[PDB]
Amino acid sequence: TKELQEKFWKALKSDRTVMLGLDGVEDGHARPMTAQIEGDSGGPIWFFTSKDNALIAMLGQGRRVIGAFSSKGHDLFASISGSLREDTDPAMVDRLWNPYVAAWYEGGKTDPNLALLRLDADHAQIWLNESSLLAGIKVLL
């Protein structure tokens, strides 16, 4: 079970996107948001966001959510269960800042409309797609 955790975190780290939907918000639509973590593994999972986000209004102390994740190549799928809440911690913003994130905010870090979500993931259900290479056939074309 060590390897499964590893594959998931590596995939999440490089591919990033998580489709995050909340039942009573935005009709339950699973919005693609680019995840970020500190280091190569372990939660929490962070999301840069705008104070005006409708999920921002309705998370409060915490909300149970399911995030849908797939690796770009579709060789892994993860259903991520956890609590999502706003945590616009300025130290966190410093740790996670980069030119890509930077582009989204006219204000830069100080931008009043910048928000940060954290997802505390306690568990995920994970599906590996296993592929078998078959013998290559020469075909005239």
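From 1 onward, residues are counted along the sequence shown.
Across the two stretches, 22 to 30 and 72 to 80, the PDB entry reports the greater mean Cα temperature factor for 22 to 30.
Between the stretches 38 to 46 and 100 to 108, it is 100 to 108 that shows the larger average CA temperature factor.
When the CA B factors of the chain's modelled residues are split into thirds, the value for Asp120 lands in the middle one.
When all modelled residues of the chain are sorted by CA temperature factor, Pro90 is found within the middle third.
Sort the chain's modelled residues by C-alpha temperature factor and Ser132 lands in the highest third, per the entry.
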